[PDB]
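*Asks:* Let me give you the structure first, and then I'll get to my questions.
In the working numbering, the protein residues as written are 625 to 949.
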């Protein structure tokens, strides 16, 4: 039997927040960002958050955000209520959003997205793979980490097993971020596929996108400003549904470059910066890094720092497709 009422595609408002939460159970294994980000998304000037409604009720959501100086649309948040799946809803919503972008933003030439699902024949036919990073996910209680880290690092140093390597400060206000990310050699030799990936969001390295990044409260670290080889990027932690008790936060660190020892020392630096602000909370810390470094960093986190590995090796894929008419 066909549905009594038609689908209606509308721009999201704050009125639908609770309905959106109610269709989002279990998404991203409890690491879903949308509960914490929905209000922000509605304020973003180049973003359209589209809801599919049936008979006045929200059954699906998709975000399209225009970045890269008008040339790219990033697709995020695609989801259909569990009780409405398998009927083509996501396909219809994707088509509505793509037509909306083509109508309102004629300058958009490509769509981009990131995901960690295994790429099958269907993905490889439709998308280009721009780059990929390995994904390392660990968990810790912030207070417990802070209480033991001094002793841990002391024992690691006395044993000659590990001593933090020097790292260098990176100030956005001071211009260090722009001097790094606008360098053609940093783009070629450090950034994965010449792209900034920040908490799953890809940006071409341009001044326009640096303004967007500057507003997010990111923290950066580098091995050397004068001779950059490893650059790390920490996104401010945010609440996630995992655990159901409100105590969990997601701490995303993107690591760019090939020197595993510098990724280790910069990871430690970010943990020491961020954990004091999370006293009383629990942390899902997800590190993205060059694939050949994953085993080294997994051992550093598990054996060196005593952190619990949540899952085995997976990959973050940056995918791109051309816009067609």
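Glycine residues also receive a C-beta, built at the ideal position from the N, C-alpha and C atoms.
Note down, in chain order, each residue of its chain lying with its Cβ closer than 8 Å to the Cβ of residue 838, except the 5 sequence neighbours on either side.
*Replies:* Looking up residue 838 in the chain shown gives position 214. Same-chain partners within the cutoff: 796 and 801.
*Asks:* Kindly identify the DSSP beta-bridge partner or partners of residue 687.
*Replies:* Residue mapping note: residue 687 aligns to position 63 of the chain shown, counting from 1. For residue 687, which the question treats as bridged, DSSP gives the partners 673 and 700.
*Asks:* Using 8 Å for Cβ pairs, my map puts residue 929 next to residue 884. What's the rounded Cβ distance?
*Replies:* Locating residue 929 in the chain shown gives position 305, counting from the first residue. Locating residue 884 in the chain shown gives position 260, counting from the first residue. Their Cβ separation, rounded to whole angstroms, is 15 Å, which puts residue 929 and residue 884 out of contact at 8 Å.
*Asks:* Counting Cβ pairs, one atom from each stretch, are 3 or more of them under 8 Å apart for the stretch 925-943 and the stretch 752-770?
*Replies:* Contact holds: three or more Cβ-Cβ distances are below 8 Å.
*Asks:* For the pair the stretch 846-857 and the stretch 883-900, tell me if three or more CB-CB distances fall below 8 Å.
*Replies:* Yes, the stretch 846-857 touches the stretch 883-900.
*Asks:* Looking at the unbroken beta strand (DSSP E) that takes in residue 941, where does it start and where does it end?
*Replies:* Working through the chain shown from its first residue, we reach residue 941 at position 317. Run containing residue 941: 938-946, per the beta strand (DSSP E) assignment.
*Asks:* In its own chain, which residues sit with a C-beta less than 7 Å from the C-beta of residue 901, not counting the 5 before and 5 after it?
*Replies:* As a first step, residue 901 is located in the chain shown; it is residue number 277 there, counting from the start. Excluding positions up to five away in sequence, the list is empty.
*Asks:* If you run the structure through DSSP and keep just helix, strand and coil, what is residue 681?
*Replies:* As a working mapping, residue 681 is identified with position 57 in the chain shown. In this structure, residue 681 counts as strand in the three-state DSSP scheme.
*Asks:* Is the Cβ-Cβ distance between residue 654 and residue 864 less than 8 Å?
*Replies:* Here residue 654 refers to the residue found at position 30 when the chain shown is read from its first residue. Here residue 864 refers to the residue found at position 240 when the chain shown is read from its first residue. Going by C-beta atoms, residue 654 is nearer than 8 Å to residue 864.
*Asks:* For residue 845, which residues of its own chain have a beta-carbon under 7 Å away from its beta-carbon, when the five flanking residues on both sides are left out?
*Replies:* Along the chain shown, one-based indexing puts residue 845 at 221. Taken in chain order, the residues that qualify are 791, 794, 856, 890, 893 and 894.
*Asks:* So, are the CB atoms of residue 808 and residue 819 less than 8 Å apart?
*Replies:* Within the chain shown, the letter at position 184 stands for residue 808. Within the chain shown, the letter at position 195 stands for residue 819. In this structure, residue 819 does not lie closer than 8 Å to residue 808 by Cβ.
*Asks:* Tell me which residues share the same chain as residue 965 and place their Cβ nearer than 6 Å to its Cβ, disregarding the 5 neighbours each side in the sequence.
*Replies:* Since the displayed the chain opens at 625 and closes at 949, residue 965 lies outside it and no answer follows.
*Asks:* By the DSSP assignment, the beta strand (DSSP E) with residue 652 in it spans what residues?
*Replies:* Numbered from 1 along the chain shown, position 28 holds the residue referred to as residue 652. Unbroken run through residue 652: none, as it is neither H nor E.
*Asks:* Near residue 713, which residues of its chain fall below 7 Å by C-beta distance, leaving aside the five closest residues on each side in sequence?
*Replies:* As a first step, residue 713 is located in the chain shown; it is residue number 89 there, counting from the start. For residue 713, where only same-chain residues beyond five positions count, the Cβ hits under 7 Å are 676, 683, 684 and 704.
*Asks:* Take the Cβ of residue 949 as the centre, count every other Cβ of all protein chains shown within 10 Å, and call the residue buried at 16 or more, exposed below.
*Replies:* Stepping through the chain shown from its first residue, residue 949 is reached at position 325. Residue 949 comes out exposed.
*Asks:* Enumerate in chain order the residues of its own chain whose CB-to-CB distance from residue 739 is below 8 Å, with the five nearest sequence positions on each side excluded.
*Replies:* Taking the first residue of the chain shown as 1, we reach residue 739 at position 115. Same-chain partners within the cutoff: 940, 941 and 943.
*Asks:* If we call anything under 8 Å between Cβ atoms a contact, is residue 879 one with residue 911?
*Replies:* As a first step, residue 879 is located in the chain shown; it is residue number 255 there, counting from the start. As a first step, residue 911 is located in the chain shown; it is residue number 287 there, counting from the start. Yes, they are a contact pair.
*Asks:* For residue 668, collect the residues of the same chain with a Cβ closer than 8 Å to its Cβ; drop the 5 residues on either side in sequence, then sort them by chain order.
*Replies:* Here residue 668 corresponds to residue number 44 of the chain shown, with the count starting at 1. Counting only Cβ-Cβ distances below 8 Å, and skipping sequence neighbours, we find 689.
*Asks:* When burial is assigned at 16 or more other CB atoms within 10 Å of the CB, is residue 679 buried or exposed?
*Replies:* For the purposes of this step, residue 679 is identified with residue 55 of the chain shown, where counting begins at 1. By the 10 Å Cβ count, residue 679 comes out exposed.
*Asks:* On a Cα-Cα basis, can you pick out the residue from 729, 723 and 700 that is closest to residue 694?
*Replies:* As a working mapping, residue 694 is identified with position 70 in the chain shown. Here the closest residue by C-alpha is 729.
*Asks:* Put residue 792 into one of helix, strand or coil per three-state DSSP.
*Replies:* Locating residue 792 in the chain shown gives position 168, where the first residue counts as 1. DSSP places residue 792 in strand when its eight states are reduced to three.
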